[PDB]
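In the block that follows, a single chain appears as structure tokens, in the form deposited in one PDB entry.
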């Protein structure tokens, strides 16, 4: 019993538009693969997680116009929400060309939270740093996003580089 992911994606253009206006951000929102089908029981559950990722992109990712110009970047930020099938799973991606997740900030927070000390933090790989955002209570919150995705028997990944932006990938079972 599947339905097009458009049942999830449809309310986003409006919400992204309002969030950007409200945060004085200029964002061009692009949705791809809205016809991609997924279990209808996933529809309600996955909406909240995706909205949070979109909000993070507009809030923490896309920089104010003045800052983007200072970086030699396109004046308007780009936010892409896509869906597609990859074998036996539905792949959903949220990608922005914003400032990227501040990895030093994450390390500092992890240390203060008592999750690691200075010594071990110094050698963490970029991916190991980003994964701290998945720890329950670290942060709503990427930790809750990961938990909900997991409750759907899915998986989540994060990719982010300074000034390039951030891409969050969610994989849900194709059942």
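Positions refer to the first chain, counted from 1. We call the rigid core the largest set of C-alpha positions that still match within 1.5 Å between the two forms.
Student: Between residues given as residue 139 and residue 140, how many of the deposited sequence are not built: none, 1 to 3, 4 to 9, or 10 or more?
Tutor: Per the deposited record, the segment joining residue 139 and residue 140 lacks coordinates for 10 or more residues.
Student: So 69 to 77 or 85 to 93, which one's hotter by mean CA B-factor in the entry?
Tutor: It is 85 to 93 that shows the higher mean C-alpha B-factor.
Student: 48 to 56 versus 32 to 40: which one carries the higher mean Cα B factor per the record?
Tutor: Looking at the recorded C-alpha B-factors, 32 to 40 comes out higher on average.
Student: Lowest, middle or highest third: which one holds residue 123 when the chain's residues are ordered by CA B-factor from the entry?
Tutor: Lowest third, going by the recorded CA B-factors of the chain.
Student: Please place residue 63 in the lowest, middle or highest third of its chain by C-alpha B factor as given in the entry.
Tutor: It falls in the bottom third of the chain.
Student: Relative to the other modelled residues in the chain, which third contains the C-alpha temperature factor of residue 14: lowest, middle or highest?
Tutor: Residue 14: CA B-factor falls in the highest third of its chain.
Student: Considering every modelled residue of the chain and its Cα B-factor in the PDB entry, is residue 174 in the lowest, middle or highest third?
Tutor: Its C-alpha B-factor belongs to the highest third of this chain's values.
Student: Please say which third, lowest, middle or highest, residue 110 falls into when its CA temperature factor is compared across its chain.
Tutor: Its C-alpha B-factor, which the entry lists for residue 110, ranks in the middle third among residues of this chain.
Absent from the display: the form deposited in another entry. The rest refers to it.
Student: If you fit the rigid core and then compare C-alpha positions between the shown form and the other one, only one of 150, 35, 118, 67 moves by 2 Å or more. Name it.
Tutor: So the only displaced C-alpha belongs to 118.
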